[PDB]
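Read through the structure below, which is laid out as structure tokens, and then see the notes.
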Amino acid sequence: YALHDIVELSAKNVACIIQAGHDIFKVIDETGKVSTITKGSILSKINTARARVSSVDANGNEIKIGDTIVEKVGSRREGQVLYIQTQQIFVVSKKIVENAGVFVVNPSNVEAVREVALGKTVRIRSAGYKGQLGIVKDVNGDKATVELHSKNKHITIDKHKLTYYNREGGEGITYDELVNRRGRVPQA
Amino acid sequence: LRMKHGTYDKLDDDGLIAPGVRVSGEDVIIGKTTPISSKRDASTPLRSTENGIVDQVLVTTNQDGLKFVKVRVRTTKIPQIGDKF
Amino acid sequence: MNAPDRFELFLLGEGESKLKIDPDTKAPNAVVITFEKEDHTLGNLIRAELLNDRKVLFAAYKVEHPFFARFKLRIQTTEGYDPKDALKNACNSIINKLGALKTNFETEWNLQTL
Amino acid sequence: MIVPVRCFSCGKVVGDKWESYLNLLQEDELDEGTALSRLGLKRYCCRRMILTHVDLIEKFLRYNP
Amino acid sequence: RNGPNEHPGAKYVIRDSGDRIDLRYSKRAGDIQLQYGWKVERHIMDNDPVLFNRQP
Amino acid sequence: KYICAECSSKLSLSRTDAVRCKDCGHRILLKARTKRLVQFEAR
Amino acid sequence: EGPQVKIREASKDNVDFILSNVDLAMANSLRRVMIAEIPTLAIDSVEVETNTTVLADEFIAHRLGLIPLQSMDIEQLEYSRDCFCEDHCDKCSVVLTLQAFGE
Ligand SMILES: [Zn+2]
Ligand SMILES: [Zn+2]
Ligand SMILES: [Zn+2]
């Protein structure tokens with residue numbers, strides 16, 4: 001375990017390390033109390049990057065891990081959020097030396113500073129390349145990138161105006177059955 | 001554990017794209033996996049700067065009997081401004 | 001790999017006007033008309049018709065680049081004569097001449113047995 | 001492989017007369033220019049399109065596939 | 001909003017923290033609100049100086 | 001799923017099977033074109 | 001009166017004539033529209049179901065595209081990009097089938 005690492009002390013206790021030792025670690029808990037524990041007291045390390053935890057600030061703006069926030073009351077400490085607890089947030093600040101710059105604050109007291117089309121043969125309907133077979137590569141949201149079979153170029157076209165066909169021939173279906181009905185190529 | 005951007009959907013059950021399949025960018029042409037001791041992908045991605053319709057695929061045995069695959073891809077190139085004559 | 005859309009040459013793009021008329025400050029009573037998705041075919045004929053009119057003073061067509069199907073026609077007429085009216089008259093004269101030529105060709109073809 | 005469908009220069013269709021061209025060269029034993037003129041090729045673009053063509057399609061078909 | 005696919009657009013957005021977020025891989029590109037001090041990797045536009053050279 | 005270079009006869013062999021033609025000793029074992037619909041344009 | 005046409009000779013697919021009382025620009029524009037702006041019908045899309053000839057699918061498709069097609073009633077036909085159709089409806093396209101094999 002290294003500095004600033006998140007440690008799951010128990011099923012409901014999460015702490016942040018402020019002084020990473022060999023076998024003895026000083027950790028501040030969600031309640032702000034700083035205590036010294038042993039390596040055995042840590043069940044496992046919580047991965048902040050893989051932790052999909054979000055909270056709501058006073059202004060209502062969503063705050064995620066790593067976002068810079070400033071306390072509305074107190075010393076107005078500014079710092080980056082390392083982890084988000086059910087009722088508390090741990091924030092590390094480079095301007096504070098106390099507790100390695102890590103402090104636990106309430107979220108309300110701070111303010112912030114499955115594609116069906118992909119991988120299926122399609123034909124364009126309303127464009128300059130209508131009626132041309134294409135293979136969907138990726139979708140950027142509201143627009144689908146398709147490579148044309150007869151042309152060595154990739155074109156971005158709205159997916160709603162494309163008709164999808166079966167892997168081998170089959171009938172054409174617009175972008176209304178896959179959204180409603182589960183992704184299933186028609187029968188050839 | 002080793003997976004590349006190449007789309008493996010074009011690959012069939014045998015692992016080789018049949019003639020008449022559109023391939024572009026890093027799309028995998030030959031699907032090969034080397035067991036590790038469970039296995040790591042060793043596919044042959046298509047040339048990034050070249051693309052076209054796969055023309056032919058053949059499978060044979062090497063001098064030692066190991067499976068060998070050769071895939072020829074054909075593209076139609078039309079004269080452009082930058083072409084040299 | 002990035003060749004221009006061939007159909008786009010003669011097809012208007014999304015949110016694109018066929019004609020764009022703007023004033024010209026180089027000379028009084030001078031206008032610039034940008035024709036989109038057009039080639040020398042129409043520009044040269046329109047300019048030639050305009051030059052045949054005594055009232056029209058200056059009429060010049062320019063193609064900025066072969067890549068883009070677009071040209072610009074600068075038209076300057078006498079005081080009190082709107083360039084748009086001159087362009088409309090030239091287009092009407094062109095239509096009349098084309099109709100007369102079509103009628104003459106049809107009559108000649110009908111007259112000839114072959 | 002096969003005779004071009006249309007002349008590169010003008011676009012006149014020249015693929016119809018390739019078989020007629022070969023027949024005139026062989027059956028009638030006519031010279032190249034006379035046969036081309038009879039086929040109805042005035043502009044030298046089509047003349048060189050037909051004369052310069054090589055029938056590689058037959059050579060490719062010589063193989064079993 | 002145009003996105004990397006469209007020429008008058010961008011492909012990466014640099015936040016204040018310095019982390020770079022790609023637009024093509026992110027499906028919520030249109031929901032990203034730019035803030036002062038950030039940097040965006042925009043495609044080179046017209047009247048953009050660039051050094052042209054020949055190897056010799 | 002496969003054809004012979006010389007015999008040009010279908011084999012439809014499966015995995016963990018010999019790649020040699022059943023009719024002849026040749027083992028080129030070419031593969032037939034994909035059944036997926038293919039479209040081309042004169043442009 | 002305007003411009004008049006004097007047809008020196010006519011044929012099935014070749015007509016030589018003379019235009020008089022016409023500007024050079026008008027004649028050039030007429031030639032340009034006649035060579036480029038005349039609508040015509042030609043093979044645009046080629047779908048291959050079973051091809052094993054020595055040639056290539058793109059090659060044969062390009063050859064087919066250049067094949068002339070009757071276009072006397074082209075005006076009646078409408079562009080595919082214009083009419084509201086899914087793909088190559090009978091109202092905007094002509095469908096043909098090519099089948100052959102050796103012996
Ligand atoms: Zn010719
Ligand atoms: Zn065999
Ligand atoms: Zn239609």
Side-chain angles (χ1 to χ4, degrees), chain A residues 123-132 161-163 172 174, chain B residues 56-61, chain C residues 7 11, chain D residues 2-18 20-21 32-33 35-53 63-65, chain F residues 1-13 17-32 39 41, chain G residues 13-14 31 34-35 39 41-45 47 52 63 66-69 71 73-96:
Chain A
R123 279 191 173 90
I124 302 170
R125 303 178 60 189
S126 180
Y129 301 93
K130 65 178 293 184
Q132 316 298 7
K161 56 172 60 57
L162 272 53
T163 173
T174 63
Chain B
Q56 184 173 216
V57 175
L58 60 91
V59 303
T60 63
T61 60
Chain C
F7 61 87
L11 297 180
Chain D
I2 314 91
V3 59
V5 177
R6 296 186 179 182
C7 181
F8 300 154
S9 180
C10 61
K12 180 179 177 61
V13 190
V14 301
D16 311 79
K17 56 177 62 56
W18 179 248
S20 301
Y21 183 67
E32 307 297 344
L36 294 169
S37 301
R38 182 174 298 184
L39 293 172
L41 301 180
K42 183 176 67 176
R43 301 176 299 278
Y44 55 85
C45 55
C46 305
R47 299 259 296 190
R48 59 90 192 178
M49 284 290 291
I50 288 296
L51 181 62
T52 60
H53 181 248
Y63 300 94
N64 178 24
Chain F
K1 296 182 291 182
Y2 290 94
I3 56 179
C4 174
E6 300 294 351
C7 303
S8 301
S9 59
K10 299 172 63 58
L11 300 87
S12 181
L13 51 69
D17 301 330
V19 302
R20 182 178 60 84
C21 176
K22 307 302 298 185
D23 300 1
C24 75
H26 214 184
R27 44 180 161 274
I28 300 298
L29 190 62
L30 303 178
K31 176 159 60 170
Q39 180 177 335
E41 281 60 37
Chain G
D13 58 71
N14 188 328
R31 191 228 66 177
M34 175 165 51
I35 186 167
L41 179 61
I43 297 175
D44 194 333
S45 173
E47 182 178 358
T52 57
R63 284 192 61 84
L66 300 176
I67 300 296
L69 296 178
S71 56
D73 299 69
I74 191 65
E75 298 295 349
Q76 300 180 2
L77 188 64
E78 183 177 0
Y79 294 91
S80 181
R81 63 208 174 191
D82 297 358
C83 76
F84 305 90
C85 70
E86 297 182 0
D87 55 79
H88 62 72
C89 70
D90 60 330
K91 187 174 181 180
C92 78
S93 63
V94 180
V95 184
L96 303 81

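Order of appearance sets the numbers: ligands from 1, and atoms from 1 within every ligand. Chain letters run A, B, ... following the sequence lines, proteins first and then strands; every chain starts at 1.
Counting backbone and side-chain atoms alike, F:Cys21 contributes an N/O/S atom closer than 2.8 Å to the Zn ion (ligand 2). Contact annotation: G:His88 places no N, O or S atom under 2.8 Å from the Zn ion (ligand 3).
By the 6.0 Å and 45° rule, D:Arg47 does not stack over the aromatic ring of D:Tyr44.
The backbone N or O of G:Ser93 sits nowhere less than 3.5 Å from a side-chain atom of G:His88 that would complete a donor-acceptor pair. Within the 3.5 Å criterion, the main-chain N or O of A:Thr174 finds no donor-acceptor partner in the side chain of G:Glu86. Side-chain N or O atoms of F:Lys1 include none that pairs as donor or acceptor with a backbone N or O of F:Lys31 at under 3.5 Å. Of the possible donor and acceptor atoms, none in the side chain of D:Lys12 sits under 3.5 Å from a partner among the backbone N and O of D:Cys46.
The Zn ion (ligand 3) forms the vertex of an angle spanning SG of G:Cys92 and SG of G:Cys83; to the nearest 10 degrees it equals 110°. Vertex the Zn ion (ligand 2); arms to F:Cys24 SG and F:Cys4 SG; angle rounded to 10 degrees, 110°. Centred on the Zn ion (ligand 1), the SG atom of D:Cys45 and the SG atom of D:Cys46 lie at an angle of 110°, reported to 10°.
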